[PDB]
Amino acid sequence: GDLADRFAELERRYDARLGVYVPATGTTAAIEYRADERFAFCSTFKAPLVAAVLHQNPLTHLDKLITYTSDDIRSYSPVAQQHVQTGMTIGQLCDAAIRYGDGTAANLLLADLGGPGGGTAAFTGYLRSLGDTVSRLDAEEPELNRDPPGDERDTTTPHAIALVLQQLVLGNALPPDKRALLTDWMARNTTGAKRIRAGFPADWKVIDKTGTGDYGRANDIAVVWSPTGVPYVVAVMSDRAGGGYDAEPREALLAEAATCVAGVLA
């Protein structure tokens, strides 16, 4: 009752909708708040996207050169903008997608996974293969960040995306080598310093992938480890849709939600 009341007060104070999921462990109950409501992925999908591309190919595929054109840049792409003439390798694209949320990098990874027409379906199908039957990606960048409130397109749920990230980082969806690549890129992003990371004490390890979008959308998905190595998965999702498409996202809402979780888990 206490935690639900705390999350409700966060919603009132930030004029926001908040979703939280933390899976159960052997000694802890699941934490859930709007955990089965749909929220836009925004860039959070880039973490399982990189997993999908790692999964389907040998490590040498990281060195495959991808060519692309200025026409492919229709989203914030601070890395891919600099390399149009030369192309980028798959590994470089993964790094860019995770560490900067480069949009074009994600689009090219989608096309590596499923071809130019089939990538969003292929990505969704990777989630299906991990037993996520809820989430859906229907558009690529930048449109996936812009669907109207209430539209199911390009959404996941805190519950669904937490269980996916759990399998990728704590489970064996990936072999150890590939899993370590994903976790290393996530451990090296910092877009997420002011989100879940800011709610956990410094002696807890945190790896994360953020997402930000229209309608004040701000998300973060993370795996955390206690100072003695005990892991938890934390998905926090939010929007401020009442302010319209240009509503300001509130990173501090996510930090506060994470602080609430950390207090329960400590």
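The first residue of the sequence shown is number 1, and the count goes up from there.
Looking at 140-148 and 171-179 together, the entry lists the larger mean B-factor for 171-179, computed on C-alpha atoms. The stretch with the higher mean CA B factor, choosing between 60-68 and 30-38, is 60-68. Comparing the listed residues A160, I73, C94, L127, the entry records the largest Cα B-factor for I73. The entry assigns its greatest Cα B factor, within the set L165, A187, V134, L110, to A187. Ranked within its chain, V224 lands in the middle third, by CA B factor from the PDB record. Ranked within its chain, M88 lands in the highest third, by CA B factor from the PDB record.
In the PDB entry, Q81 places in the highest third of its chain by CA B-factor.
Sort the modelled residues of the chain by CA B factor and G19 lands in the lowest third. In the PDB entry, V230 places in the highest third of its chain by CA B-factor.
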